[PDB]
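What follows is a single structure, written as structure tokens, with notes after it.
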Amino acid sequence: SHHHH
Amino acid sequence: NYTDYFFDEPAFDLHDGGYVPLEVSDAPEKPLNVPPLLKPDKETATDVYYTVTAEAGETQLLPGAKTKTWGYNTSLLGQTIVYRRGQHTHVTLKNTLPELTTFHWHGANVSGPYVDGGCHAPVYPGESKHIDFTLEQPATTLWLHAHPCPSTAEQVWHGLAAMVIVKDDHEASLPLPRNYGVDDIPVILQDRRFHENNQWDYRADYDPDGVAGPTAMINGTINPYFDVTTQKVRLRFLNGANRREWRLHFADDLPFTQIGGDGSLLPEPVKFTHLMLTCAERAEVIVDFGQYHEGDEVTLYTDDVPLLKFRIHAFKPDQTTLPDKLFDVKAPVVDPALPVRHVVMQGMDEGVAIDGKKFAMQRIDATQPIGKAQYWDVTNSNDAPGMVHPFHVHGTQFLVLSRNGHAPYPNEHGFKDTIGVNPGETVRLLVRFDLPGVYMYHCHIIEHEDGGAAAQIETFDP
Ligand SMILES: [Cu+2]
Ligand SMILES: [Cu+2]
Ligand SMILES: [Cu+2]
Ligand SMILES: [Cu+2]
Ligand SMILES: [Cu+2]
Ligand SMILES: [Cu+2]
Ligand SMILES: [Cu+2]
Ligand SMILES: [Cu+2]
Ligand SMILES: [Cu+2]
Ligand SMILES: [Cu+2]
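These protein sequences, in sequence, are chains C and B. If you read the first sequence in the authors' numbering, its first letter stands for residue 2, the second for the next number, and so on. If you read the second sequence in the authors' numbering, its first letter stands for residue 3, the second for the next number, and so on.
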């Protein structure tokens, strides 16, 4: 689900 | 809404003009290289003897041709060197490279400038030097790397870095994974750019603001995996990159506990999901894989880029718990007679400087008496947009008192030799030198060091 920046 | 890291989001490397994104390599997955422990030439309880040889070779990094590389007692990086507190240590330094080099023990409280192995300690091709010393400092992860001035960046790029493990009695008594290569591993974080025939070319990739390539390399491995055979694993993160910052987290935000920083155990364990490391910073963490099962592969990322896969095998349950206190940090009292030292890092690119000046090898910039603790106020004067400058001091382990008058970051309450200073920020350090001589302080973006953003301090007996 989660992605970074 | 919020960044998951402690540093100032606008200052991250990824905002820089010439930023080089990491890209996933198509190279096949392979086992993480774990450097062997360097066998002593001889050891007794009181004395240990090592030979450390800088050498050139070839390493199979990508399919096809082998990459020409340099290492310590191996073709790339180096065998891990174990030192013990209070043990008289003897090292023969041998250079078999075509270039002169230097053997810098980053974080080791040894005398400078010769044993320290900075600018003033050249070892020419074909020659040998003999050093000895006794470490009187807490257990931690240090490292060895080349430090000729200039040319540190290029030599590190060729592959001259190695992990150094310092043992003591206190750390040995803690319930920590300590089976090297099995449940306790180096994670040396680097990046490179491969050119034709899988070769490196520092000069083609040069940038005065910091060299970074798009291919991540972990312990000299491309697309590494690690076979986990225990519930808990200790990772010794070292940022051995020329410039790049690592923003480390697992794919699913698996928590991990930091137990160690640059210079010592942390006073207390600190729980993390996301951890940012600037150049030369070390962080020792325990990961608990107890919620996973045989066949699972759990991947450690920086930003959105996968770095290191953990293949879960069968493991016995581990019921142990960390104590609430790991380590007693005994802060020195500042010498009241001594002023506050102000150090200003200025400029970017070619214009980087400290206190208005570029490095000069003959010149002493500062003095401080040994045995006496002093406040160092260190300012990153870089306007917005700026960058996080990792400030390093040779020959001391310092303590972090405050950041812009506020608390240090949660993982900055132990001893450290390198600290990331945000744009505009003043940090206050407590700095004591135990030994007399000449020591360097500088930014540890290695292109900044080479570009002259360094100064030297003379320590003397009063
Ligand atoms: Cu942004
Ligand atoms: Cu001795
Ligand atoms: Cu000796
Ligand atoms: Cu260093
Ligand atoms: Cu250093
Ligand atoms: Cu995350
Ligand atoms: Cu298995
Ligand atoms: Cu910059
Ligand atoms: Cu240095
Ligand atoms: Cu810098």
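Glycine included, C-beta positions come from ideal geometry on N, C-alpha and C.
Near chain C, meaning a CB-to-CB distance below 7 Å, no residue of the stretch 49-69 of chain B qualifies.
Contact of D305(B) with chain C is assigned, a C-beta pair being separated by under 8 Å.
Look at the beta carbons and you see the stretch 43-60 of chain B not touching the stretch 233-243 of chain B: under three pairs across the two are nearer than 8 Å. For the stretch 239-258 of chain B, residues whose beta-carbon sits nearer than 9 Å to a beta-carbon of chain C comprise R249, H251, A253, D254, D255. Between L176(B) and the set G426(B), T323(B), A67(B), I459(B), the nearest pair of CA atoms involves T323(B). Taking the C-beta atoms as reference points, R245(B) is found no nearer than 8 Å to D170(B). A straight-line Cα-Cα distance of about 12 Å links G66(B) and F196(B). Annotation for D255(B) indicates a beta carbon within 7 Å of some heavy atom of ligand 6. In this structure, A206(B) has its CB at a distance of at least 7 Å from all heavy atoms of ligand 4.
When 9 Å is used as the limit between beta carbons, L16(B) is near these residues of chain C: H6, in chain order. Rounded to the nearest whole angstrom, the C-alpha separation of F291(B) and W145(B) is 28 Å.
Around ligand 5, the residues whose beta-carbon falls short of 5 Å from at least one of its heavy atoms are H108(B), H396(B), given in chain order.
In the three-state reduction of the DSSP assignment, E299(B) falls in the strand class. With a cut-off of 7 Å, the C-beta of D185(B) is classified as distant from ligand 2, since no heavy atom of the ligand falls inside that distance. In the structure shown, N97(B) adopts extended strand secondary structure according to DSSP, grouped into three states. The DSSP assignment places complete beta strand (DSSP E) segments of no fewer than 3 residues inside the stretch 317-365 of chain B at 343-348, in order along the chain. Just measuring C-alpha positions, the residue of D118(B), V345(B), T231(B), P371(B) sitting nearest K359(B) is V345(B). Per the CB criterion, closer than 6 Å to any heavy atom of ligand 3, the qualifying residues run in chain order as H92(B), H132(B), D134(B).
In this structure, the beta-carbon distance from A58(B) to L99(B) falls below 8 Å.
In this structure, the straight-line span from the alpha carbon of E296(B) to that of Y227(B) is close to 15 Å.
In this model, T304(B) and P257(B) are separated by some 15 Å (Cα to Cα). The Cβ atoms of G114(B) and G397(B) lie closer than 8 Å to each other. Taking 7 Å as the cut-off, the C-beta of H344(B) does not count as close to any heavy atom of ligand 6. In its chain, beyond the 5 residues on either side, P179, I288, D290, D320 have a beta carbon closer than 6 Å to the beta carbon of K234(B). Within 7 Å of the C-beta of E247(B) there is not a single heavy atom belonging to ligand 1.
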